[PDB]
Structures are given as structure tokens and as C-alpha cells.
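before I ask anything, here's the sequence and the deposited coordinates:
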Amino acid sequence: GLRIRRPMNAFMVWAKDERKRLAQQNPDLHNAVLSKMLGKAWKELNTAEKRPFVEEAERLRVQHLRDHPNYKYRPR
DNA sequence: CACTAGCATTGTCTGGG
DNA sequence: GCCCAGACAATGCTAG
């Protein structure tokens, strides 16, 4: 199989569909601009709106420990 | 034809101080 | 065990 990647955090879990939606609504905007828009929109969400994505990121974090128990993040 | 780095974001994590 | 500076998770075009 392929290399093991980091699990997605709450913002990244949410950004998957939202980036797609923004891209389709604004097909002239590059991903850098979309990212700036996504950052602001994520910050605008209230706690209740963020909750499912926060919860799903934690599930992904725990599952990553199960599927890849000896994984160690080694940046450079 | 094929590859590669860069861009931007939030949140999590690293090594070394 | 916090600080510092930064990598890297997804995305997909741009351009070399």
C-alpha cells in the first residue's frame, strides 16, 4: 500500500465538501483564495455547527491509532 | 509525454532550546 | 513540560 498520511483535523474534514462547494460556485477562484474563504467561514461557524466535524476528526484520530499503531509523525 | 513545487487555510504534532 | 519554528494533513490549478 501507499505511505501513511496524517489524520484530518476538524477543519480539514469540513473543508473537503466546503471547498468543493465554493469551487463549483466560483469556478474562477484558485485554491489559495478558496482557502482564505474557507478559513473565514470555519471561524464563523458556531460551536454546534463545528461539533460534528470536531467529533469526526477525533474518531479519525482514534481510528488512526488502531489501523496504524506504530505510526509516528516525522516532519522534515 | 512525465514529473514537481507552490499556493493558502486550521489544528496537531515534532525536535531541540 | 512550555517555547519556537515549522511540517503536513485535502484540494487542484499553475507553471517550470
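Right, received. Where do you want to start? Numbering: from 1, shown residues only, chains lettered A, B, ... in the order given.

go ahead and flag the most central residue of chain A.
For chain A, the residue sitting closest to the mean C-alpha position, by C-alpha atoms, centre = their mean, is residue A:12 at 1.0 Å.

which residues does it contact?
Residue A:12 sits next to residue A:57 when contact means C-beta atoms under 8 Å, 6 or more residues apart in numbering. In short, each C-beta sits where N, CA and C put it, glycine included.

tell me the secondary structure at it.
Under DSSP: H, G, I helix; E, B strand; the rest coil, residue A:12 falls in the helix class.

distance of it from residue A:57?
8 Å (C-beta to C-beta, to the nearest Å).

what about the helix or strand residue A:37 falls within, near DNA strand C?
For residue A:37, the host element (DSSP states H and E) is helix A:31-44. Yes. Using C-beta under 7 Å from any atom of the strand, a contact is recorded between helix A:31-44 and DNA strand C, made by A:31-32, A:35.

contacts with DNA strand B among those residues, please.
A:31-32, A:35.

would JSON lines of those residues with neighbour count be doable?
Shown next, in JSON lines, are these (neighbours: other C-beta atoms under 10 Å):
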{"residue": "A:31", "neighbour count": "11"}
{"residue": "A:32", "neighbour count": "8"}
{"residue": "A:35", "neighbour count": "13"}
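
from those, pick the one nearest DNA strand C.
residue A:31 (3.7 Å; C-beta to the nearest atom of the strand).

am I right that the closest one is in contact with residue A:19?
Yes. The criterion here is C-beta atoms under 8 Å, and residue A:31 meets it with residue A:19 at 7.4 Å.
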